[PDB]
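Report on the following structure.
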Amino acid sequence: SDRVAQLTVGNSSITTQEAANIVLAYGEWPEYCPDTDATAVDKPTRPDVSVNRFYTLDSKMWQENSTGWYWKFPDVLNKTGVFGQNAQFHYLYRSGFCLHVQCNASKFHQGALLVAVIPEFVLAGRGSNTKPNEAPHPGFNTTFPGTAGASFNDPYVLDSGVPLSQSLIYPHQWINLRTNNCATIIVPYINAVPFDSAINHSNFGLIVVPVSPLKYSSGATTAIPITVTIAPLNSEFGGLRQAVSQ
Amino acid sequence: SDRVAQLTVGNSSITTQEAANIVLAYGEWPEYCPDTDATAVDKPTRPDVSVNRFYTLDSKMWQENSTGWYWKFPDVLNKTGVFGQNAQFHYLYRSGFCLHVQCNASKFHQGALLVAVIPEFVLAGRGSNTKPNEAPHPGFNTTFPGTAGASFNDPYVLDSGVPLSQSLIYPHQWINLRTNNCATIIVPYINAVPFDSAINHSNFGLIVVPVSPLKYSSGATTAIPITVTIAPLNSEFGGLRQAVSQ
Amino acid sequence: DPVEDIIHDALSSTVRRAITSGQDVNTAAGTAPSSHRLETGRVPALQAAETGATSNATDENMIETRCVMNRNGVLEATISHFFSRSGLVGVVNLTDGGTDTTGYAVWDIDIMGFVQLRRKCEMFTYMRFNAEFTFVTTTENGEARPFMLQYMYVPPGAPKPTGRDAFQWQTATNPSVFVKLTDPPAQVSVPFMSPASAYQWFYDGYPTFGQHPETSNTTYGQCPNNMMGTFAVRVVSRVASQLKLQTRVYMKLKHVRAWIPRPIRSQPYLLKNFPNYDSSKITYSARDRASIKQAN
Amino acid sequence: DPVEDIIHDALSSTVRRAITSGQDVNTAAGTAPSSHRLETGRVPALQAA
Amino acid sequence: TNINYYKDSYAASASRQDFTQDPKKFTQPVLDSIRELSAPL
Ligand SMILES: CCCCCCCCCCCCC/C=C/[C@H](O)[C@H](N)CO
């Protein structure tokens, strides 16, 4: 009665049989920018069916010695669908997201994933150089991975200095292969400005860390993939001009 | 709450733990022939406890390469119990049926049975002879198998020319070894006449086809039997005379 | 009162409510708008075909739809208007030449001889209807020539004609149609004449009792409630008119009622009364493709 | 009126209630007495992280 | 307002065309009515 669940957005739907809950980040739904908070004078555009739907990224294979992955939003949806085109043609972007991560496994596999969102997930350069002119900084592809998504190098510190233990203060959810098989999170627009660019600043990042490593006996299925799907909700765009990829 | 179920008829009862539904064929219960539709003037007989009960036929072993079975009704119950005796002593017979087919298997076996009823399941002769004087016709034991039940030769055409795909328009039910373990169907009296003979014309036939073949890993139980049980409901007989077996 | 297990069920065995009430549907169903619903526990997509019930997941419950006042028609889908179109049933060949000294032709009324209409009227198991017969009659070349013809209906039991000018053609009781070859086709209306309450095209059983063989079981399935007699045709004359004649029969099914639908036959027909086929050449209903994941 | 899929959501996209109301907490929370409860089906210890 | 010129009812043309559907006897011929938006089992 509470394990089964169906989400539906636009022309897409998602079923699930073992996930039990919907984590609403910070207890607020995605809403449109009210007039008392808007700064842009122009009229934005609100498709609400061309962009508000479930885009399914590629799958990442969970290995026995994996280290975790991260995505940036709305970086992933900048080349796919009408969302990608609107974000490439418009300067001001605003939207909440609905994340849904699936990693199914038999009742004999064991493991646990931590699926969290990090508002303003600033990455860090791993290096002991203390002068700001020779210090290492993460490359562009390492900080804005894109639809492919990037992997961690040392997830215990989330590649951002902060420990992973306290990362549970963020809107998070576990994928425990004994109880649930997918985790979902509805996150609103989290930013210090009414609108913002969609190709320069990524509002937040998604984190999938295999805390309890995958373990199974011989003969079971070795290829355990993880699939993420994202639905931008209550999206607005403004400031139309020629297409700028980045 | 909906998986558990108990049927009770006469002095017999049937339990079930994983079957979830009761398919009422064509949305009509078995009832007695009303006076506005009766043609025979004599008074029929209605035991209602001697014949209305669950007769359990023999079991058929589902093999890895089985082809399906069929039974004819009320052909099966013409030599067993007071139903058999009433059908051998009376000329006019009328009754609905309650079918219940059980095929249990561990949570590691896989397969699917299609359990359907075919009103007027006329069988066909498999042969390309086009002259009606040399054409092959099914023998008596192949068309009225009896309590033993007969097996198919090519179930894709149901031995009747018609394809098995559209056979789902009939009152049917699946036995999927991952969800349910038995299927039950309450079928009323389906015939173009108020009463009819019980030894010449078989109102309908039962069909059990292994669509998804049985598959299991080594070490599991190989002997997976199928058991059918039938309960004639709201039975009437008329036209009493000496006993005629056929 | 003295024994009440007999009254408790007699006054409980009345008509049991089997509510499946239908409604008068004039046009196709419209749709209602639907937004996105992010709720747990309420899943219209997850079904269970093992219950024997078909999925009820409609459009509004799965994707975000608009509303449409659907005005499309559904009248051409009713079985009345489905069988309201006449089709060929049987053709007789009357060779009234000098070498064929018979003079009359006889046709056992059986619409299971031509696949076009048989395939339709065999998708339902029990049918009850009134027929509208139409007889076109031409020569072998397709010409009309002013020769008067007599069609007689010989119900089961009546004496069938034995000659061109036999006494059976007096038709004192048998209905008969006299019409010229150069006139519009002869059309009559025939009622539901079966002794049963409905025609059945499939009769899983035997007509009579007794021992039934296993080699030539030529009597299986042949229901007598279907055979409705015979159709005799002659040319009204005392001497032979040297011509080859061909009478085609078309039947329209009006005031139709069908019962217990049936899968539509896939394998070709081989016999009239029997639903035979050949296991050597099983014609699969779906044409073959190259691969499964290569939709053409 | 002529096309109403556009009005059905415009008048449905108002402020959606996201009730998480807080209260004015002056001091730390006290406690209430509790006896032993031997009951089935009501388990406050079993959670699901 | 269709008419029949003969006193026999089976000579009329299309006496009454009807719009009466009842799919719930072929599509949902079950005992306990399954809801459209709930889980079946
Ligand atoms: C003078 C008029 C002659 C034409 C009228 C002949 C009577 C027609 C009786 C038709 C009986 C119902 C339609 C026949 C159905 C099937 O052929 C039979 N059930 C067996 O195939």
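Please note: Cβ atoms are built from the backbone with ideal geometry, for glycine as well, and neighbour counts cover all protein chains shown. Just so you know, all these numbers are worked out from the coordinates, no wet-lab data involved.
See the values below:
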read-out	value
In the stretch C:1-65, GluC sites (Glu not before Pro) in a DSSP loop with at most 12 other beta-carbon atoms within 10 Å	C:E4
Relative contact order of chain B, defined on C-alpha pairs under 8 angstrom at six or more residues apart (%)	41
Exercise: per-residue mean of other protein chain Cβ atoms within 10 Å, B:152-163	5
Cα centroid of the stretch C:189-230 to Cα centroid of the stretch A:17-88, whole Å	68
Chain E: radius of gyration over Cα atoms, expressed as a fraction of 2.2 N^0.38 Å	2.25
Simple spin-label estimate for C:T173 and C:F209 in nanometres, 7 Å along Cα-Cβ	3.0
Long pairs among C:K180/C:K244; C:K120/C:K254; C:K252/E:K7; C:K120/C:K272, criterion Cα-Cα beyond 18 Å	C:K252/E:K7
Ranked list, fewest to most other Cβ atoms within 10 Å of each Cβ, for B:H90, C:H8, A:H109	C:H8, A:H109, B:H90
Computed [θ] at 222 nm, deg cm²/dmol, chain C (DSSP H ≥ 4; -39,500 (n - 2.57); rounded to nearest 500)	-1500 deg cm²/dmol
Using a Förster distance of 45 Å, the FRET efficiency for C:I264-A:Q85 (Cβ separation, nearest 0.05)	0.40
Approximate spin-label separation C:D183-A:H137, in nm, with each point projected 7 Å along Cα-to-Cβ	10.5
Number of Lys pairs (Cα under 22 Å; 8 or more positions apart or on different chains) in chain B	5
Dipole magnitude of the protein assembly as shown about its Cα centre (Cβ charges: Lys, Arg +1; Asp, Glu -1), debye to nearest 20	1720
Per-residue average of Cβ from other chains inside 10 Å of A:47-53	2
Loop-resident sites, the stretch A:63-166, for chymotrypsin sites (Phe, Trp or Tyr not before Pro), counting at most 13 other Cβ within 10 Å (DSSP)	A:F108
Cβ-based exposure ranking for D:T20, B:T130, in which fewest neighbours within 10 Å come first	D:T20, B:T130
B from A by rotation - nearest chain A beta carbon to the axis, in Å	A:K107, 5
Nearest-20 debye value, chain E charge dipole, Cβ charges on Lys, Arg, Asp, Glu	80
Given 10 as the ceiling on other Cβ atoms within 10 Å, longest exposed-site-free region of chain B for trypsin sites (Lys or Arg not before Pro) in DSSP loops	B:108-240
Dipole magnitude of the stretch C:171-256, debye to nearest 20 (Cβ charges: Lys/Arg +1, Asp/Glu -1, about Cα centre)	580
Inter-probe distance in nm under a simple model that places probes 7 Å from Cα toward Cβ, at A:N21 and C:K244	8.9
Full-extension gain in nm, A:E64 to A:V193, via 0.36 nm per residue minus C-alpha separation	42.3 nm
Dipole axis of the protein assembly as shown (+1 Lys, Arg; -1 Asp, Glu on Cβ), positive-most option in A:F195, A:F140, C:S237	C:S237
Ranked packing of B:7-13, C:232-238, C:290-296, most packed first, by mean Cβ within 10 Å	C:232-238, B:7-13, C:290-296
Label spacing, shortest first and in nm, from B:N133 to its equivalents in the remaining copies (7 angstrom along Cα→Cβ)	11.4
Under 13 Å from the Cα of E:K25 - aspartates and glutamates, other chains or at least 8 residues apart	B:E28
Average beta carbon contacts from partner chains per residue of C:207-220, 10 Å cutoff	5
Order of E:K7, C:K120 - criterion: other Cβ atoms within 10 Å of each residue's Cβ, fewest first	E:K7, C:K120
Net charge of neighbours whose Cβ lies under 14 Å from the Cβ of B:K72, counting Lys and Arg as +1 and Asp and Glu as -1	-4
Other copies of A:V49: label-to-label distances in nm, shortest first, labels 7 Å along the beta-carbon direction	6.4
Exam field: A:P213 pseudo-label spacings to other copies (7 Å along Cα-Cβ), nanometres	4.1
